[PDB]
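Read the structure below first, then the notes.
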Amino acid sequence: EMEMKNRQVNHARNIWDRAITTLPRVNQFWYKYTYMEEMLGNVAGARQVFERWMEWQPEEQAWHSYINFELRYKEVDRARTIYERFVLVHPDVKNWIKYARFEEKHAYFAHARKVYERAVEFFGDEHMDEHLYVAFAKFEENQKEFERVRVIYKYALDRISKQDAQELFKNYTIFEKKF
Amino acid sequence: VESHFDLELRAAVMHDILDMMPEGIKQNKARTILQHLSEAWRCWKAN
Amino acid sequence: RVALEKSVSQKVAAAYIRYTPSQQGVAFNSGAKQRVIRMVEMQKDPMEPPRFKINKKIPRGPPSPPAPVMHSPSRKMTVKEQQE
Amino acid sequence: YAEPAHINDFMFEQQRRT
Amino acid sequence: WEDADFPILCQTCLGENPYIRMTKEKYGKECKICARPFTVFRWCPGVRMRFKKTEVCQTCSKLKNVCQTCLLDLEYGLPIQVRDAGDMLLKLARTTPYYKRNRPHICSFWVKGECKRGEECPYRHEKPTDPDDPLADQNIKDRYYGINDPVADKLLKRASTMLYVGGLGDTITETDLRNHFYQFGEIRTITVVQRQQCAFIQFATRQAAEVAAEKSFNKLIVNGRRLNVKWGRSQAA
Amino acid sequence: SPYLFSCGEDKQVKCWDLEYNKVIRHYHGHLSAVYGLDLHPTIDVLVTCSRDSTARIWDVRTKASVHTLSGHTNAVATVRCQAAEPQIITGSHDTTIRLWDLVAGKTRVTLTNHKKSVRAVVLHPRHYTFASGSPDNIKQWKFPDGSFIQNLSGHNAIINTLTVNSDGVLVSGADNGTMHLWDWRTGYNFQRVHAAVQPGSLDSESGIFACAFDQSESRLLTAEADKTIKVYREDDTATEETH
RNA sequence: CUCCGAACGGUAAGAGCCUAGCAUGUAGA
RNA sequence: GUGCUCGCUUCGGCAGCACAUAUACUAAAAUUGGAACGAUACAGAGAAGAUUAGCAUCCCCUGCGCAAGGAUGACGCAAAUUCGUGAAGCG
């Protein structure tokens, strides 16, 4: 902070690179380097520092910040290429439902079909963590009725002992009936 | 003389109280836990 | 075993060459491109006292490679476990 | 830049004398 | 306390012979200026030389940029006082280093009068260069430090006591020479003659060209050449 | 050789021979107490871990300090050696591991693990990529230049000694009396049983500070802090499948 | 009847003046 | 230096060849500058004392020392509430 407060930018970057190489487990120095790069230009050194921070096995809060910084820089191919190794590290239910983020920008039909096939071919063939089916039903209700009645009724092989939830059976029935 | 026994016994408690006790982020000072230990030594000395 | 035997021999005894002059030699003493010289060892006679009894020879510098640990990150356990 | 060598004794000393 | 592999030697201290013969001695003779055990090796610089040895240790000489047995320099050849206080050194130095250092010092039996060894004196039979000048009086520790040299002042005053330029060929051109003179000042009448590969320049009231006379006494090195300079007429002859 | 070696808090490494049952070497030179000692698999040298600032490499039949490996910032709790597995391997109590080279003497490579003080190192009984032991987040290593292979189970207790046999079973002894057994191929908790106390012991005083398997790799022997040596054998059962 | 002992544990404490047996072998111009 | 060339070829010289291959802190050192617990002299362990023990966690000398005995240098650092600032991420 004392080096960034002054007009020296070469020594500040050399101190930040040494702090990032000596303390790889620290996250405050990486956040300060990301803030200094956002205060600076949009050169490829910021993307290289982000790739070096992501290659050091970061958490989901750093991956979400990198995805937000990529989405706030008008990047479509670079955001989709950097999202392939994010789902392969943390296979969470919040990360599997956020992997199909290209449908919310240009509606990405082939990419949504590939993401649905990857979500059906992933882990959870018997329970699906009670979160992929509701998102698939919402994506089918927002789109046309191609496979909206199939995955809600004929795909009950991955259900857990009651074929629905307690407060989400009549709601799913009303969502499938009136759409 | 007897001093190595004392130095060893205090340092081993120091090593153990470094490793365990806090178990996360505590380490309540240092001299304090050794002082409670010393008082305990006097307490067992108290017959 | 060879390294330990050499170290034990040193502890028991304690307790040609071709160099190109590529620094300033260009035209002064012209012809020195390899400087082939012989370096022999002086035969020390085994009837001699020691050179000294104490010395202050600085062997090297204490600056080592202080790299990071990279084991894990630091955090806290709980608010109640801190008071416990 | 110095390095070792395994040079001919006789010819070394001969060229020296010469 | 200090062993090594090869000495940090000079180019003149080694000798005018491409093959010499060294003799390493592990832990000999106790370094002159720091008092530490180091690795003494001597050799013969050439035929009828002085059998030169090694005085100043590896860390002693490596730290202060100096040779292990004359304390002049590995890069230039000047003393350690001139190369500190004083660039000027490049025109002050010399190539072909005189071997008047590697010769035997004076036979004291001859100075007294009876050198019994006759023609077989392995020392040197000249007269002792008179004691009076302080170049009879330098030592090692005052030499090795910058403080108090008898040589370095006498060579440092050589540095401030003391036009037909030629050697053009194909490197020097007219615009490079007049822009190298333009930083000195303005011209009155300049010309370039190619039958002798020379250039003629003048100045308003010399002066600026005077430091060009300080710059070009076999010293102005542009385009990688030692230029030839002698005096013009300035007499309308 | 036909002799045994002993070291302790008396700042002396005694090589008690078996031919006369007396002190045959009585080596000295450590600046403080000694933690452990072990001999090489092929060389006739012994590495001894001290408590002051470093470990010592003592040569047998010479009583001379071969090389001083000072690479830690605290006491060296455990030390392991090998013929070609990892040469010199010393575990330090300064929350860092270091494996030095026996020929050069300097440190070669340091670990990327162990926020808790690591005090358990042991050799592997098959091929390379052996593991270590610490109080929190015990992981595994590799013989060639080190590599984090896998982490252990949830053993948050302060571990003191870890012993593994050639059959693939690994057991870690803690200071709280609970001994947690694991596997080498997978790393699943097999027994994770707790040891009882002796009649003269307290309610919570037993702690496994030493554990070593037999030469036949069939009967296990663990040393507790309750002044009792217990011998554990196998059990001829079949309905003991792991979930 | 023929088995013989050596050292340390011991001489002060200083004031002003006076005299001695030694030791290194150098790079420099 | 020794030997040999059916060397030139006399017994002189010269030639060829073979063999034989690098000593040495070279100086009669040139220089160059220090100290004794000496004697003498004067004087002479001062003509005493309220803390109570102490023991550990940087060197030189004597000594054949892995015996021994001599001489020496620490307090302020603060474990944990309320509020403002910057950044990541969510609806």
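We number chain E the same way Swiss-Prot does; the residues here are 15-100, 145-220, 234-308, in that order.
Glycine too: its Cβ is placed from the backbone N, Cα and C atoms.
So that you can see what the record holds, here are the features copied from Swiss-Prot:
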type	residues	note
CROSSLNK	E:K149	SUMO2 cross-link
CROSSLNK	E:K290	SUMO2 cross-link
MOD_RES	E:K212	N6-acetyllysine
ZN_FING	E:159-186	zinc finger
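Features recorded in Swiss-Prot, as mapped to the structure shown.
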| residue | record | Cβ within 10 Å |
| --- | --- | --- |
| E:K149 | SUMO2 cross-link | 13 |
| E:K212 | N6-acetyllysine | 13 |
| E:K290 | SUMO2 cross-link | 14 |
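For the zinc finger (E:159-186), the list of distant contacts is 26-27, 29, 59-60, 62-64, 66, 84: same-chain residues at least six beyond its ends, Cβ to Cβ under 8 Å. Counting only the Cα atoms, the space from E:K149 (SUMO2 cross-link) to E:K212 (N6-acetyllysine) is about 16 angstrom. Cα of E:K290 (SUMO2 cross-link) to Cα of the residue listed as 'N6-acetyllysine': a span of 21 Å. According to its DSSP assignment, E:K290 (SUMO2 cross-link) is coil. The DSSP secondary structure for E:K149 (SUMO2 cross-link) is helix.
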